[PDB]
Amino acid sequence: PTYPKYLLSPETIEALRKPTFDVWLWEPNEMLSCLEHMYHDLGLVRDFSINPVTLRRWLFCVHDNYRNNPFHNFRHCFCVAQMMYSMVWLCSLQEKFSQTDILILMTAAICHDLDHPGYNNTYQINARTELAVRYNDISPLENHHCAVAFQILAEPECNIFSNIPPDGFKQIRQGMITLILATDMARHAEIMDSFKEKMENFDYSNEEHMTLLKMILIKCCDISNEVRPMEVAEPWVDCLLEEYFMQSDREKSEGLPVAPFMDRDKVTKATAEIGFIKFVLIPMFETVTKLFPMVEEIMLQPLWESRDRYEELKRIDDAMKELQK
């Protein structure tokens, strides 16, 4: 007949594999179904004996632990997971990685921003919040996302790892913690340098090389909005700035230092993306392309287009600003 929303149509299930997927057309229950589909489709439910009902409860519990922030919310979560899922197909990751690595990449993508408060690590540290005190200024937000991830998995009803032997659990936990902690942008240059070093002679059988590759993969998915079609990416930037401005305003009326890139009076959407696309995004996907050449046409290309559109927007933007001076 005419099936209900939570029942993904074959058209949707097909599109879910490409980075062109419109993440905005869906409501939470439909996104939860997409994530569910991903675990069955990638063979994770099968190879790890994940109880299908538990998988659902777990996703629902994960959803309940994401906050209603303009950016760091459940829909961003779904974006990272969906981009990771696309990466698996685009790069044929299942010929390079074991199912355990895939489970690690996917579960970490879904759990990487759990219970994000809407204010970054710099604010946590400068404001001496309880999280900064708890984690001693060492990537407090990411450490917290992990802890929540495993407190959730500790609940028997949500433990998608119930049937994995203990050695496997430990191996998965270690991998997830490493990936989630790697998303902290403060460590971006460090992680990039290490990867590029290993990239001089990449060894798919070297465990230390794969760890760095997985860290890069989840980092790519975490800040991959600009790779998506313009109509899908555009709104995310506004959501991010809304969050950044909120923090800068708070930092100003609290006497805490304010980062220029979050300063309402110094940053423009255009100048912001241009620099981020040319000095963070493109260089990263550029090195990843050396390993997976198909990545250039599917992701480096839309980044070049995005860079050019924002450079045009910057002209008009600066013009408008002159009239207001």
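Heads up: residue numbers just count along the shown sequence, starting at 1.
Could you check the entry and say whether 161 to 169 or 99 to 107 has the higher mean CA B-factor?
Between 99 to 107 and 161 to 169, it is 161 to 169 that shows the higher mean C-alpha B-factor.
Where do the C-alpha atoms have the higher mean temperature factor in this entry, in 247 to 255 or in 171 to 179?
Taking the mean C-alpha B-factor of 247 to 255 and of 171 to 179, the larger value falls to 247 to 255.
Using the entry's values, work out which of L42, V53, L59, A270 has the largest Cα B factor.
That would be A270, according to the entry.
Which third of the chain holds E197 when residues are ordered by C-alpha B factor: lowest, middle or highest?
It falls in the top third of the chain.
Chain-wide C-alpha B factor ranking for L114, given as lowest, middle or highest third
Lowest third - that is where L114 ends up once the chain's C-alpha B-factors are sorted.
Taking the entry's C-alpha B-factors for this chain, is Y123 in the lowest, middle or highest third?
It falls in the bottom third of the chain.
Third of the chain's Cα B-factor distribution that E226 belongs to, per the entry:
Middle third by C-alpha B-factor.
Third assignment of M31 from its chain's C-alpha B-factors:
Its C-alpha B-factor belongs to the middle third of this chain's values.
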